[PDB]
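Hydrogens, waters and symmetry mates play no part in the numbers below; they use all other heavy atoms, side chains included. Below, read A as the first sequence line, B as the second, and so on, with proteins coming before strands; counting in each chain starts at 1.
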There are 2 protein chains.
Amino acid sequence: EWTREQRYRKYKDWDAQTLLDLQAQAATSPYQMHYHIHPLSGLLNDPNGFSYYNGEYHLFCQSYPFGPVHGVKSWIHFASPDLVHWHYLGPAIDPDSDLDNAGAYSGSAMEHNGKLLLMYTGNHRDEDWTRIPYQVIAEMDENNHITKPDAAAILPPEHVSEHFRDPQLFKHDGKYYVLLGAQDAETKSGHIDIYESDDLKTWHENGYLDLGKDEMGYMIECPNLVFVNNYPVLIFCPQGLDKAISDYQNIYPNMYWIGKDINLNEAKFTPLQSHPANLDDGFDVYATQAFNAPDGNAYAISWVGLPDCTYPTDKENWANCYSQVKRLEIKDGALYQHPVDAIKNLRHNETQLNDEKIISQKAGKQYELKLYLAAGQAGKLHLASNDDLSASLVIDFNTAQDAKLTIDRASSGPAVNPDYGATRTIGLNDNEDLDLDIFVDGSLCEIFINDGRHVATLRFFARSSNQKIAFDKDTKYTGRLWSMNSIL
Amino acid sequence: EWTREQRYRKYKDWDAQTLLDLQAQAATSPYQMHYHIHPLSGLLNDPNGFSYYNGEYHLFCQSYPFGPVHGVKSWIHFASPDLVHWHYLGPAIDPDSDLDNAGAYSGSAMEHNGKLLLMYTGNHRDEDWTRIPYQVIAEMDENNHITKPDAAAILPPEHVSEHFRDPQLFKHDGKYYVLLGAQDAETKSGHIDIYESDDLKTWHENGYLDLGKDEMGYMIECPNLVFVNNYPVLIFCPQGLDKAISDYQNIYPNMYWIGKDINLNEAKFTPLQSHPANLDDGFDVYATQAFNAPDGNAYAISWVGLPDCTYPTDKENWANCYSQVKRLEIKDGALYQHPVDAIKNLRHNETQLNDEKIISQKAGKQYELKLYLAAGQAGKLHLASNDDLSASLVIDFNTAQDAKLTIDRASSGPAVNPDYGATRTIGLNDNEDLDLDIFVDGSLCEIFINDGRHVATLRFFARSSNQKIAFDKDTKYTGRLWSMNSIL
Ligand code: NA
Ligand code: NA
Ligand code: NA
Ligand code: NA
């Protein structure tokens with residue numbers, strides 16, 4: 001319903017009373033998250049500049065503060081000591097210059113000689129509304145104050161279309177690299193384009209990273225390389241990916257691909273996995289960003305929200321939130337994802353669980369449910385449920401001869417992008433035990449499966465009185481239920 | 001420098017870009033607090049609606065979001081599980097109606113039949129800019145959504161001047177009471193005026209509370225009655241208080257007075273203390289609010305900021321912050337104040353201290369320093385200090401034959417309201433031990449003295465590289481130093 005004109009009206013052409021009203025509307029929503037990052041107002045999307053700098057973790061965010069739509073984008077800024085307790089540092093990069101006049105699009109952060117370089121795509125629209133993407137290196141100092149250059153670091157080359165964006169800047173092998181999402185101008189295929197520099201002033205093209213002969217969609221958004229247990233891992237968003245390469249049910253997938261090795265100078269990637277895999281088996285994770293932290297861990301955080309999609313909270317004038325931070329691990333040839341240790345600080349009111357069918361008549365809106373379920377069983381676990389289990393988030397499990405998990409949100413509340421399905425299925429190994437570590441926060445659910453082997457993340461919109469947690473059958477299991485304190 | 005006109009321009013007449021800029025400027029200030037409540041933008045003052053409701057603690061705030069000045073006021077809203085980890089719920093009450101057209105001034109919160117009543121003063125300015133104060137009862141529901149009535153609960157009576165405000169609404173002795181700060185129209189003296197109701201619709205005047213024959217300033221702002229260990233305790237701001245009643249050095253004092261008993265129907269107060277005493281012996285505490293919580297504790301929180309005063313951060317376009325929450329206790333005929341238990345969750349990097357002269361060469365900007373100092377000593381403890389101790393926050397102590405504590409902020413940085421003195425003195429008992437529990441957070445220091453017997457709270461503005469903590473003499477003491485994590 002918003003016009004192009006309305007989406008690109010400048011922030012100075014909105015009044016401050018409207019913005020204050022919008023902050024109240026977002027914060028007091030009955031569906032707001034309160035231990036995950038959420039917009040102060042308007043729409044949140046792609047994590048940006050995820051980093052460690054000046055003694056704390058930093059995280060920036062694509063933001064449009066005036067409504068539940070992809071209006072003209074800015075970066076806003078959060079920091080944390082522990083990847084859990086975030087505090088707001090305000091807007092960081094506005095669409096206020098020629099280079100980014102129609103948006104400060106996504107990007108990354110790299111420490112350099114005591115400053116934090118923020119490299120991002122200036123979404124420029126020229127006099128005719130032709131998009132010209134510019135790669136810009138801004139600079140943040142130790143007071144979190146940001147300066148912008150007057151000139152781009154990388155001008156759009158001839159071989160790419162208008163889609164050329166989301167730079168990842170980092171140091172590796174003694175030099176500087178930039179990875180960019182790209183659509184080839186002639187084939188219209190998605191690529192990760194490689195740039196290298198020895199000084200950050202002159203950039204050299206190394207070409208598209210060789211991901212094999214098969215096309216990777218028509219565009220790759222938000223490319224990421226991180227080293228996880230010494231393996232090069234790609235995390236990226238290949239829009240239009242052929243489902244023959246990998247199944248997925250979201251409108252656009254967020255894939256990962258573990259390599260045995262990578263050579264950015266020669267644009268070479270030796271895959272460990274024969275195929276890329278879904279980072280998240282759920283309903284809503286997109287634009288995930290990751291970085292290698294000084295503590296030797298690789299951390300990732302996801303936008304929970306999909307482009308070209310809508311949500312029942314749209315009428316509340318705000319949209320989406322972030323996943324919790326996930327610590328990455330390579331195990332058995334796959335990517336595992338784990339809650340960070342600090343998230344346990346939110347826990348309180350611990351309850352021991354052993355075979356009780358009804359886990360809680362009324363669990364609250366914020367909790368962590370950690371379960372161990374014996375092999376050889378089938379049933380349903382209902383979350384955010386009414387009393388008779390007819391309206392809930394359903395985890396339909398089988399740990400017996402056709403083992404699998406089906407997550408079904410159809411009955412949880414109003415429909416959520418139903419054209420892309422009300423269920424998601426995760427295959428399980430037959431006759432094996434099952435672990436679940438389930439985080440519920442307002443209209444967000446995160447289901448960590450078999451100790452991080454799979455993660456299923458989703459929005460759901462249950463009426464506030466639907467807070468029951470219960471199995472439908474007598475189920476043999478042990479577990480713990482904790483309330484989780486509001487911090488955001 | 002701001003004109004009346006500029007201070008009362010409506011929020012809708014500011015643009016949203018300016019507000020976003022101001023949020024960044026406040027949040028990224030090198031002097032910002034990060035484990036105390038601080039404005040998101042502009043100026044913060046008086047705590048309001050401090051309460052427990054709908055399963056969490058609530059706190060509201062006088063706010064002017066567009067600069068470091070007392071522009072037209074609104075309430076904004078925070079909540080917390082534990083009085084430490086606060087999260088922002090946005091604006092709550094705007095100056096958007098006839099009754100509050102020149103400000104939604106301070107007030108209180110009272111739970112009533114599943115709602116939270118917010119009773120506050122509408123600062124009305126009529127056609128001639130005559131101030132007409134109205135007492136308004138708004139209502140908040142379980143989604144933190146607020147409705148405003150069209151009519152005042154209490155119209156200004158004939159016997160009070162234009163100064164008649166800051167209602168405290170509560171239930172006691174089976175009926176409802178409202179305590180209001182008042183200036184008598186004929187004598188121009190400060191009073192706490194009492195109203196009572198059996199239904200919240202019809203209010204009856206019980207008269208001024210009898211605080212004795214001596215005048216209590218020319219106005220009492222922010223009156224509070226709380227029961228602490230079953231004693232009635234008044235906490236209030238008597239502007240113009242004669243210093244013969246009690247010494248104080250701040251422009252306006254924040255006093256407390258313990259009674260043996262109180263009878264609100266008969267406007268009677270039997271004092272326990274012969275005289276009211278300073279709630280805070282420091283430089284900046286004002287407009288403290290308190291309430292009786294369901295856990296059986298009385299809690300208080302203070303504005304750190306004084307009216308008609310200025311601060312070095314004024315040029316940064318933001319102003320002031322709150323104290324931490326203080327749990328109240330009556331002991332030995334005095335009011336004791338304690339950090340809440342949950343504040344210990346911020347602690348990390350614990351260091352044991354035993355007689356070391358230099359406690360830390362560089363302590364960081366956020367810490368808690370807890371010390372036990374033997375009787376019979378004299379010296380100085382320097383906080384936020386440069387290396388040679390010439391620029392610091394000075395705690396000059398004597399625990400020997402003329403025992404006392406002098407807190408001196410003159411050398412800490414730029415002058416802070418110097419007309420009201422650069423030192424504050426707290427008398428101590430001769431030849432007694434001394435305990436200190438010191439909280440530093442950005443430009444805020446809170447010094448709890450002898451286990452809460454006295455509290456000295458102050459702003460200070462040290463250069464960021466001045467972080468040494470050291471005694472000047474060999475001092476015998478034991479202690480602990482903890483870093484405190486940023487949460488806000
Ligand atoms: Na590690
Ligand atoms: Na769905
Ligand atoms: Na108690
Ligand atoms: Na001073």
Side-chain angles (χ1 to χ4, degrees), chain A residues 35-37 46-61 78-87 107-112 116-117 168-170 172-173 177 179 222-236 254-262 272-273 277 279-280 285 287-304 322-347 368 370 435 437 439 446 448-455 457 487, chain B residues 348-349 483 485-486:
Chain A
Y35 64 96
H36 293 77
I37 284 159
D46 310 4
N48 298 154
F50 197 19
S51 48
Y52 185 95
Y53 169 71
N54 190 34
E56 62 198 334
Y57 294 95
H58 289 266
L59 180 63
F60 303 78
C61 313
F78 294 88
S80 161
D82 61 4
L83 298 163
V84 167
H85 297 96
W86 298 94
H87 60 273
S108 57
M110 186 197 73
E111 193 275 347
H112 186 67
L116 188 65
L117 305 188
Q168 191 200 357
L169 171 73
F170 55 91
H172 184 58
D173 283 351
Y177 292 96
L179 302 178
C222 300
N224 288 260
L225 165 73
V226 279
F227 288 91
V228 188
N229 301 137
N230 307 106
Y231 295 94
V233 182
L234 303 171
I235 297 179
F236 61 104
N254 198 170
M255 309 293 289
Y256 77 89
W257 205 345
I258 306 161
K260 298 188 190 183
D261 58 72
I262 193 168
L272 180 62
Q273 295 163 298
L279 177 74
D280 196 277
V285 153
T288 296
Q289 179 164 85
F291 81 106
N292 278 110
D295 63 7
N297 294 337
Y299 298 108
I301 193 170
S302 302
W303 176 30
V304 183
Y322 280 5
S323 71
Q324 71 182 278
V325 173
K326 288 156 290 199
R327 176 180 56 82
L328 304 181
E329 173 184 14
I330 301 306
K331 163 177 175 172
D332 295 345
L335 176 66
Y336 275 61
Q337 302 166 65
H338 308 280
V340 303
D341 293 336
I343 197 97
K344 300 199 200 324
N345 291 310
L346 303 187
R347 294 166 170 182
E368 187 194 345
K370 198 174 195 172
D435 285 276
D437 193 6
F439 297 79
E446 292 168 301
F448 291 80
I449 301 164
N450 285 331
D451 291 335
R453 175 60 187 95
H454 300 278
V455 188
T457 302
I487 51 152
Chain B
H348 56 113
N349 297 329
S483 298
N485 279 322
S486 300

Side-chain donor or acceptor of A:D82 paired with backbone N/O of A:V84 under 3.5 Å:
yes
Quick one: which of A:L272, A:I330, A:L328 gives a side-chain contact (heavy atoms from CB on, under 4.5 Å) with A:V233?
A:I330
Distance check, rounded to the nearest 0.5 Å: A:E446 atom CD versus A:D437 atom CG?
10.0 Å
Is there a donor-acceptor pair under 3.5 Å between the side chain of A:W257 and the backbone N or O of A:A277?
no
Say whether A:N229 and A:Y231, considering side chains only, have a donor N or O and an acceptor N or O under 3.5 Å apart.
no
Kindly say whether A:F439 contributes a backbone atom to a donor-acceptor pair with the side chain of A:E368 at under 3.5 angstrom?
no
Compare every heavy atom of A:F227 with every heavy atom of A:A298, then report the nearest pair and how far apart it is.
CB-O, 3.7 Å
Crowded around A:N230 CG? As in, over 12 foreign heavy atoms under 6.0 Å?
no
May I have the step-by-step check of side-chain hydrogen bond (donor to acceptor under 3.5 Å, both in side chains) for B:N485 and B:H348, ending in yes or no?
CA-CA 7 Å; B:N485 279 322; B:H348 56 113; 2.9 Å; yes
Contacts of type ring pair (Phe, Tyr, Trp, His ring centres under 6.0 Å), residue A:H36, not counting sequence neighbours:
none
What about A:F448 and A:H454, are their ring centers closer than 6.0 Å?
no
Between A:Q168 and A:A290 the two heavy atoms that sit nearest each other are NE2-O, 4.4 Å
For A:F78 and A:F60, run side-chain contact (heavy atoms from CB on, under 4.5 Å): C-alpha distance rounded to whole Å, both residues' side-chain angles, the deciding distance at 0.1 Å, then the answer.
CA-CA 6 Å; A:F78 294 88; A:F60 303 78; over 6 Å; no
In terms of heavy-atom contacts, A:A287 and A:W303 come closest through CB-CE3, 4.0 Å
Rounded to the nearest 0.5 Å, the CG atom of A:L169 sits from the CG atom of A:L117 at a distance of 6.5 Å
Mind checking whether A:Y57 and A:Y52 have parallel, tilted or perpendicular rings, split at 30° and 60°?
perpendicular
Hey, what do you get for CD (A:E56) to CH2 (A:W86), rounding to the nearest 0.5 Å?
9.5 Å
Give me the atom names and distance for the closest heavy-atom approach of A:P47 to A:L59.
CB-CD1, 4.0 Å
Looking only at heavy atoms, the pair that brings A:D46 and A:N48 closest together is O-ND2, 3.4 Å
Of all heavy-atom pairs between A:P339 and A:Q324, which one has the smallest distance, and what is that distance?
CB-OE1, 3.2 Å
Would you give the length of the straight line joining atom OG of A:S51 to atom CG of A:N292, rounded to the nearest 0.5 angstrom?
12.5 Å
Among all residues two or more places apart in sequence or in another chain, which pass the ring pair (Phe, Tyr, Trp, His ring centres under 6.0 Å) test with A:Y256?
none
What's the separation between atom CG in A:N224 and atom CG in A:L179, rounded to the nearest 0.5 Å?
8.5 Å
Name the residue from A:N254, A:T288, A:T457 that meets the side-chain hydrogen bond (donor to acceptor under 3.5 Å, both in side chains) definition with A:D280.
A:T457
Could you measure the distance from the NE2 atom of A:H172 to the CG atom of A:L225? Nearest 0.5 Å is fine.
7.0 Å
Tell me whether A:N450 contacts the main-chain N or O of A:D435 through its side chain, where contact means a donor paired with an acceptor under 3.5 Å.
yes
Does any pair with a residue in residues 330-340 of chain A pass side chain to side chain donor-acceptor pair (under 3.5 Å), and if so which ones, sequence neighbours excluded?
A:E329-A:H338
When you measure from the side chain of A:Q289 to the backbone N and O of A:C222, does any donor-acceptor pair fall under 3.5 Å?
no
Please tell me if the side chains of A:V304 and A:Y322 come closer than 4.5 Å, counting only heavy atoms from C-beta onward.
no
